[PDB]
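Below is the file query_35.csv, which contains CSV, C-alpha atoms and all ligand atoms.
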chain,number,residue,atom,x,y,z
A,1,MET,CA,3.5,20.9,15.6
A,2,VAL,CA,2.0,18.5,13.0
A,3,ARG,CA,1.8,14.8,13.8
A,4,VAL,CA,1.8,12.5,10.9
A,5,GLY,CA,1.3,8.7,11.1
A,6,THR,CA,3.2,6.3,8.8
A,7,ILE,CA,4.0,2.6,8.7
A,8,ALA,CA,7.5,1.8,9.9
A,9,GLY,CA,9.8,0.9,7.0
A,10,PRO,CA,10.7,2.5,3.6
A,11,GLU,CA,7.7,4.9,3.6
A,12,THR,CA,8.8,6.3,7.0
A,13,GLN,CA,12.2,7.0,5.4
A,14,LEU,CA,10.4,8.9,2.6
A,15,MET,CA,8.4,10.8,5.2
A,16,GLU,CA,11.7,11.7,7.0
A,17,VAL,CA,12.9,13.5,3.9
A,18,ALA,CA,9.5,15.2,3.6
A,19,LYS,CA,9.8,16.3,7.2
A,20,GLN,CA,13.2,18.0,6.4
A,21,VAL,CA,11.7,19.7,3.4
A,22,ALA,CA,8.7,20.8,5.6
A,23,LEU,CA,11.0,22.5,8.1
A,24,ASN,CA,13.6,23.9,5.7
A,25,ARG,CA,11.3,25.2,2.9
A,26,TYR,CA,7.9,25.7,4.7
A,27,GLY,CA,9.0,26.5,8.3
A,28,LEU,CA,6.7,23.6,9.4
A,29,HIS,CA,7.5,21.2,12.2
A,30,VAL,CA,6.4,17.7,11.5
A,31,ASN,CA,6.5,14.9,14.1
A,32,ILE,CA,6.5,11.4,12.5
A,33,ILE,CA,4.5,8.8,14.4
A,34,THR,CA,5.1,5.2,13.2
A,35,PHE,CA,2.8,2.3,13.3
A,36,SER,CA,3.1,-1.4,12.6
A,37,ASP,CA,-0.3,-2.4,11.2
A,38,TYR,CA,-2.3,-1.0,8.3
A,39,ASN,CA,-5.4,-1.1,10.5
A,40,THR,CA,-4.1,1.4,13.0
A,41,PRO,CA,-3.2,4.9,11.6
A,42,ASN,CA,-6.8,5.7,10.7
A,43,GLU,CA,-7.9,5.0,14.3
A,44,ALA,CA,-5.0,7.3,15.4
A,45,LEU,CA,-6.2,10.0,13.0
A,46,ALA,CA,-9.8,9.6,14.1
A,47,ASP,CA,-9.0,9.7,17.8
A,48,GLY,CA,-6.7,12.7,17.5
A,49,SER,CA,-3.4,10.9,18.2
A,50,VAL,CA,-2.1,12.1,14.8
A,51,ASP,CA,-3.2,15.0,12.6
A,52,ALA,CA,-2.6,13.2,9.3
A,53,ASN,CA,-1.4,9.9,8.0
A,54,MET,CA,0.3,8.7,4.8
A,55,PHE,CA,0.2,4.9,4.4
A,56,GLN,CA,-2.9,3.9,2.4
A,57,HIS,CA,-4.7,4.0,-1.0
A,58,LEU,CA,-8.3,5.2,-1.5
A,59,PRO,CA,-9.9,1.7,-1.7
A,60,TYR,CA,-8.3,0.8,1.7
A,61,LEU,CA,-9.6,4.1,3.1
A,62,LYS,CA,-13.1,3.6,1.8
A,63,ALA,CA,-13.1,0.0,3.1
A,64,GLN,CA,-12.1,1.0,6.6
A,65,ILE,CA,-14.5,3.9,6.6
A,66,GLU,CA,-17.3,1.4,5.8
A,67,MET,CA,-16.1,-0.8,8.6
A,68,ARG,CA,-15.5,1.8,11.3
A,69,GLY,CA,-17.3,4.9,10.3
A,70,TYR,CA,-14.3,7.3,10.5
A,71,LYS,CA,-14.8,10.8,9.2
A,72,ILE,CA,-11.6,11.0,7.2
A,73,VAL,CA,-10.8,12.3,3.7
A,74,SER,CA,-7.9,12.3,1.3
A,75,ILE,CA,-6.2,15.7,0.7
A,76,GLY,CA,-3.9,14.5,-2.1
A,77,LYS,CA,-2.0,11.7,-3.7
A,78,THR,CA,1.7,10.8,-3.0
A,79,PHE,CA,2.9,7.8,-5.0
A,80,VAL,CA,1.5,4.7,-6.5
A,81,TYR,CA,3.5,1.5,-5.6
A,82,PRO,CA,2.8,-1.1,-8.2
A,83,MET,CA,2.3,-4.4,-6.5
A,84,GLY,CA,4.5,-7.4,-7.4
A,85,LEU,CA,4.1,-11.1,-7.4
A,86,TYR,CA,7.1,-12.8,-5.8
A,87,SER,CA,8.4,-16.3,-5.3
A,88,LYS,CA,11.3,-18.2,-3.9
A,89,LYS,CA,10.2,-21.4,-5.7
A,90,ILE,CA,9.7,-20.3,-9.3
A,91,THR,CA,11.3,-17.9,-11.7
A,92,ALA,CA,8.5,-17.9,-14.3
A,93,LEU,CA,4.7,-18.0,-13.8
A,94,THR,CA,4.3,-21.0,-16.2
A,95,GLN,CA,6.3,-23.1,-13.7
A,96,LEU,CA,3.3,-23.2,-11.3
A,97,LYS,CA,2.1,-26.7,-10.7
A,98,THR,CA,-1.5,-27.8,-10.3
A,99,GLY,CA,-2.8,-27.0,-6.8
A,100,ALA,CA,0.0,-24.5,-6.1
A,101,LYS,CA,-0.5,-22.2,-3.1
A,102,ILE,CA,-0.7,-18.5,-3.8
A,103,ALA,CA,-0.7,-16.1,-0.8
A,104,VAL,CA,-2.6,-12.8,-0.9
A,105,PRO,CA,-3.3,-10.0,1.6
A,106,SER,CA,-6.4,-10.8,3.8
A,107,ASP,CA,-7.8,-7.2,4.2
A,108,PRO,CA,-10.7,-6.6,1.7
A,109,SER,CA,-9.2,-4.0,-0.6
A,110,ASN,CA,-5.7,-5.4,-1.0
A,111,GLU,CA,-7.1,-8.9,-1.4
A,112,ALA,CA,-9.3,-7.8,-4.2
A,113,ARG,CA,-6.2,-6.0,-5.6
A,114,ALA,CA,-4.1,-9.1,-5.5
A,115,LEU,CA,-6.8,-11.2,-7.2
A,116,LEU,CA,-6.9,-8.6,-10.0
A,117,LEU,CA,-3.1,-9.0,-10.3
A,118,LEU,CA,-3.4,-12.8,-10.5
A,119,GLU,CA,-5.9,-12.2,-13.3
A,120,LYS,CA,-3.5,-9.9,-15.1
A,121,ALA,CA,-1.0,-12.8,-14.7
A,122,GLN,CA,-3.5,-14.9,-16.6
A,123,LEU,CA,-3.7,-17.3,-13.7
A,124,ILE,CA,-7.4,-16.9,-13.0
A,125,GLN,CA,-10.4,-15.1,-14.3
A,126,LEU,CA,-12.8,-13.2,-12.1
A,127,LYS,CA,-16.6,-13.1,-12.6
A,128,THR,CA,-17.4,-10.4,-15.2
A,129,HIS,CA,-17.8,-6.8,-14.2
A,132,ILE,CA,-12.3,-3.6,-6.5
A,133,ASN,CA,-14.2,-5.7,-4.0
A,134,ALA,CA,-13.3,-9.2,-5.4
A,135,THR,CA,-13.0,-12.3,-3.2
A,136,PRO,CA,-12.0,-15.8,-4.1
A,137,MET,CA,-15.7,-16.6,-4.4
A,138,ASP,CA,-15.5,-14.3,-7.5
A,139,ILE,CA,-13.0,-16.6,-9.2
A,140,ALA,CA,-14.8,-17.9,-12.3
A,141,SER,CA,-11.9,-19.8,-13.8
A,142,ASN,CA,-9.0,-21.5,-12.1
A,143,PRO,CA,-7.4,-23.9,-14.6
A,144,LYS,CA,-4.5,-25.0,-12.4
A,145,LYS,CA,-6.8,-25.2,-9.4
A,146,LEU,CA,-4.5,-22.8,-7.5
A,147,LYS,CA,-5.1,-22.6,-3.8
A,148,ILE,CA,-5.5,-19.1,-2.4
A,149,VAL,CA,-4.0,-18.4,1.0
A,150,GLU,CA,-5.2,-15.3,2.8
A,151,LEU,CA,-2.5,-13.8,5.1
A,152,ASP,CA,-2.2,-10.4,6.9
A,153,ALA,CA,-0.2,-8.1,4.7
A,154,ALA,CA,2.7,-7.9,7.2
A,155,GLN,CA,3.1,-11.7,7.1
A,156,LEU,CA,3.3,-12.2,3.4
A,157,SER,CA,7.0,-11.6,3.0
A,158,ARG,CA,7.8,-14.5,5.4
A,159,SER,CA,5.5,-16.9,3.6
A,160,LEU,CA,7.7,-17.5,0.6
A,161,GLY,CA,9.1,-20.7,2.1
A,162,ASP,CA,5.6,-22.1,2.4
A,163,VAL,CA,3.8,-20.9,-0.8
A,164,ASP,CA,4.7,-21.0,-4.5
A,165,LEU,CA,3.8,-17.3,-5.2
A,166,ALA,CA,2.8,-14.3,-3.1
A,167,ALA,CA,1.3,-10.9,-3.9
A,168,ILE,CA,3.1,-8.5,-1.6
A,169,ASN,CA,2.7,-4.8,-0.9
A,170,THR,CA,5.9,-2.9,-1.8
A,171,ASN,CA,6.3,-1.4,1.7
A,172,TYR,CA,6.6,-5.0,3.0
A,173,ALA,CA,8.5,-6.5,0.1
A,174,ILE,CA,11.4,-4.0,0.3
A,175,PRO,CA,12.4,-4.6,4.0
A,176,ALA,CA,12.3,-8.3,3.1
A,177,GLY,CA,15.1,-7.8,0.5
A,178,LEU,CA,12.6,-8.1,-2.3
A,179,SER,CA,12.6,-5.5,-5.1
A,180,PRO,CA,9.5,-5.0,-7.3
A,181,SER,CA,11.8,-4.1,-10.3
A,182,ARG,CA,14.3,-6.8,-9.8
A,183,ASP,CA,12.5,-9.7,-8.1
A,184,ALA,CA,8.9,-9.6,-9.1
A,185,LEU,CA,7.7,-12.1,-11.7
A,186,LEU,CA,5.1,-9.5,-12.6
A,187,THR,CA,3.8,-6.1,-11.3
A,188,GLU,CA,0.7,-4.0,-11.7
A,189,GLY,CA,0.7,-1.2,-14.3
A,190,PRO,CA,1.2,2.4,-13.1
A,191,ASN,CA,-2.3,3.6,-13.8
A,192,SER,CA,-4.2,1.7,-11.1
A,193,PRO,CA,-6.6,3.0,-8.5
A,194,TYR,CA,-3.9,2.4,-5.8
A,195,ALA,CA,-2.1,5.7,-5.5
A,196,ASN,CA,-1.3,6.4,-1.8
A,197,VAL,CA,-2.8,9.4,-0.1
A,198,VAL,CA,-2.5,11.8,2.7
A,199,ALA,CA,-5.6,11.5,4.9
A,200,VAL,CA,-6.8,13.9,7.5
A,201,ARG,CA,-9.9,14.4,9.6
A,202,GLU,CA,-12.9,15.7,7.7
A,203,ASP,CA,-12.9,18.9,9.8
A,204,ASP,CA,-9.3,19.6,8.9
A,205,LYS,CA,-9.5,19.2,5.1
A,206,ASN,CA,-8.7,22.9,4.6
A,207,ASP,CA,-5.9,23.2,7.1
A,208,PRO,CA,-3.0,24.9,5.2
A,209,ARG,CA,-0.3,23.1,7.3
A,210,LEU,CA,-1.7,19.7,6.3
A,211,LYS,CA,-1.9,20.8,2.7
A,212,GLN,CA,1.7,21.9,2.9
A,213,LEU,CA,2.6,18.3,3.9
A,214,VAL,CA,1.2,17.2,0.6
A,215,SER,CA,3.2,19.8,-1.3
A,216,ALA,CA,6.4,18.8,0.5
A,217,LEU,CA,5.8,15.1,-0.5
A,218,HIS,CA,5.8,16.4,-4.1
A,219,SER,CA,9.0,18.3,-3.7
A,220,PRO,CA,12.1,17.6,-5.8
A,221,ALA,CA,14.0,16.3,-2.8
A,222,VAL,CA,11.2,13.9,-1.9
A,223,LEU,CA,11.0,12.7,-5.5
A,224,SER,CA,14.7,12.2,-5.5
A,225,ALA,CA,14.6,10.3,-2.3
A,226,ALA,CA,11.7,8.1,-3.6
A,227,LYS,CA,14.0,7.1,-6.5
A,228,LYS,CA,16.8,6.0,-4.0
A,229,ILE,CA,14.4,4.2,-1.7
A,230,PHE,CA,11.9,2.6,-4.2
A,231,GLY,CA,13.5,3.0,-7.6
A,232,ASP,CA,10.9,2.4,-10.3
A,233,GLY,CA,8.8,0.9,-7.6
A,234,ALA,CA,7.4,4.3,-6.7
A,235,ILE,CA,5.6,6.5,-9.3
A,236,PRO,CA,4.7,10.1,-8.4
A,237,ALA,CA,0.9,10.5,-8.3
B,1,LIG,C1,-2.9,0.2,3.4
B,1,LIG,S1,-3.4,0.1,1.7
B,1,LIG,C2,-1.8,-0.4,0.9
B,1,LIG,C3,-0.7,0.6,1.1
B,1,LIG,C4,0.7,0.2,0.5
B,1,LIG,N1,1.6,1.3,0.7
B,1,LIG,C5,0.5,0.0,-1.0
B,1,LIG,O1,0.6,0.9,-1.8
B,1,LIG,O2,0.4,-1.1,-1.5

Can you present the structure in this file as structure tokens?
Amino acid sequence: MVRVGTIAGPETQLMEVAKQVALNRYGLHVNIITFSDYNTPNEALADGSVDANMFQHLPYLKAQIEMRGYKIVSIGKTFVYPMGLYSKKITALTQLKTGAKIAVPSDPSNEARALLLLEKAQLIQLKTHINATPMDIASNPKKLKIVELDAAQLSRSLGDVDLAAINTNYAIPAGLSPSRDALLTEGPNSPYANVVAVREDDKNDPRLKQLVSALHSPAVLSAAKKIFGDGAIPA
């Protein structure tokens, strides 16, 4: 059968519904292999442990390919999950004090993403002209302090920071809703739609293409609504 890698949590639930559709509508057997770190499913795909994965956006894929040299490609988009800014210390962004701590993901692409969101929030300005680092902060009026944490740690940081940019797959299990709890989220038209990735040699495999189709099925869209609400947008 087809082995597909996901990150444990809400997206794995989504994949469970896709797996049912795959069997019932496509006669395809899908075995879901869960992981607990963003940095792992691409290694599992590269080494043959899984045949596809569904957990990342294109900038993340490009970044890890540059780091590791994996021969992996996207065969289609699933959903975009607009990233939110969350806090347990403020209800409005203007409440931020001088020198407040803002936590962001520490991996290159999601860190750049979070910095772009802080800029959208009018908290900072980045040097003029996807790979942004705090060194690219040109304006920081409130002298906010950027704290770089692993993505899976951000949801537990809210007792120690004033604001955090958190990926939706991690926010939800922490009881945080992008629609209900975020002070601000990205727009829907970002470069961060998630994808199904496969080995380069398998890009034309009809069974892997069928997984993409199943993930666009009415049943999967309906399940996305129940799991993510407005926090997931079909892509
Ligand atoms: C591993 S790249 C980030 C993926 C995560 N599901 C997001 O859309 O924010």

If you count only C-alpha atoms and all ligand atoms, which residues end up within 6 Å of ligand LIG 1 (chain B), as a PDB file with C-alpha atoms, keeping the file's coordinate frame?
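Wrote part_19.pdb, looks like this:
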ATOM      1  CA  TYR A  38      -2.300  -1.000   8.300  1.00  0.00           C
ATOM      2  CA  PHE A  55       0.200   4.900   4.400  1.00  0.00           C
ATOM      3  CA  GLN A  56      -2.900   3.900   2.400  1.00  0.00           C
ATOM      4  CA  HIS A  57      -4.700   4.000  -1.000  1.00  0.00           C
ATOM      5  CA  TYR A  60      -8.300   0.800   1.700  1.00  0.00           C
ATOM      6  CA  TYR A  81       3.500   1.500  -5.600  1.00  0.00           C
ATOM      7  CA  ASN A 169       2.700  -4.800  -0.900  1.00  0.00           C
ATOM      8  CA  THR A 170       5.900  -2.900  -1.800  1.00  0.00           C
ATOM      9  CA  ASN A 171       6.300  -1.400   1.700  1.00  0.00           C
ATOM     10  CA  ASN A 196      -1.300   6.400  -1.800  1.00  0.00           C
TER      11      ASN A 196
END

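The neighbours of residue 39 in chain A here are the residues that come within 12 Å of it, using all atoms listed in the file and leaving out any residue fewer than 2 positions away in the same chain; they are residues 5, 6, 7, 35, 36, 37, 41, 42, 43, 44, 45, 53, 55, 56, 60, 61, 63, 64, 65, 67, 68, 106, 107, 108, 152, 153 and 154 of chain A.
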
Could you please take those selected residues and save C-alpha atoms as a short mmCIF file (atom, residue, chain, number, x, y, z; two decimals), keeping the file's coordinate frame?
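File again.cif, as written:
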data_model
loop_
_atom_site.label_atom_id
_atom_site.label_comp_id
_atom_site.auth_asym_id
_atom_site.auth_seq_id
_atom_site.Cartn_x
_atom_site.Cartn_y
_atom_site.Cartn_z
CA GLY A 5 1.30 8.70 11.10
CA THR A 6 3.20 6.30 8.80
CA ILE A 7 4.00 2.60 8.70
CA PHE A 35 2.80 2.30 13.30
CA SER A 36 3.10 -1.40 12.60
CA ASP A 37 -0.30 -2.40 11.20
CA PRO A 41 -3.20 4.90 11.60
CA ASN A 42 -6.80 5.70 10.70
CA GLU A 43 -7.90 5.00 14.30
CA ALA A 44 -5.00 7.30 15.40
CA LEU A 45 -6.20 10.00 13.00
CA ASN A 53 -1.40 9.90 8.00
CA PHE A 55 0.20 4.90 4.40
CA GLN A 56 -2.90 3.90 2.40
CA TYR A 60 -8.30 0.80 1.70
CA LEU A 61 -9.60 4.10 3.10
CA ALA A 63 -13.10 0.00 3.10
CA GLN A 64 -12.10 1.00 6.60
CA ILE A 65 -14.50 3.90 6.60
CA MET A 67 -16.10 -0.80 8.60
CA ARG A 68 -15.50 1.80 11.30
CA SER A 106 -6.40 -10.80 3.80
CA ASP A 107 -7.80 -7.20 4.20
CA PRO A 108 -10.70 -6.60 1.70
CA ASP A 152 -2.20 -10.40 6.90
CA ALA A 153 -0.20 -8.10 4.70
CA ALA A 154 2.70 -7.90 7.20
#

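With only C-alpha atoms as the atoms that count, the minimum distance from residue 167 in chain A to the choices A:40, A:125, A:13, A:87 is reached by A:87.
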
For this session: With only C-alpha atoms counted, which protein, DNA or RNA residues have an atom no more than 9 Å from (-13.2, 8.6, 1.0) in the file frame? Please answer as a PyMOL selection string.
Result: chain A and resi 58-59+61-63+65+71-74

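Between CA of residue 77 in chain A and CA of residue 236 in chain A the interatomic distance comes to 8.3 Å.
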
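Closest approach to residue 142 in chain A among A:49, A:212, A:20, A:98: A:98, based on all atoms listed in the file.
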
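With all atoms listed in the file as the atoms that count, the minimum distance from residue 117 in chain A to the choices A:23, A:80, A:146, A:168 is reached by A:168.
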
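Put simply, CA of residue 214 in chain A is 18.7 Å away from CA of residue 229 in chain A.
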
Seminar exercise, completed: A straight line from CA of residue 217 in chain A to CA of residue 78 in chain A spans 6.4 Å

Exercise. Got a sec: who's within 8 Å of residue 17 in chain A, counting only C-alpha atoms, leaving out chain neighbours fewer than 6 positions off, as JSON, numbers by chain?
Worked result: {"A": [221, 222, 225]}

Problem set entry | Nearest-residue call for residue 96 in chain A, choices A:138, A:150, A:164, A:66, using all atoms listed in the file | A:164
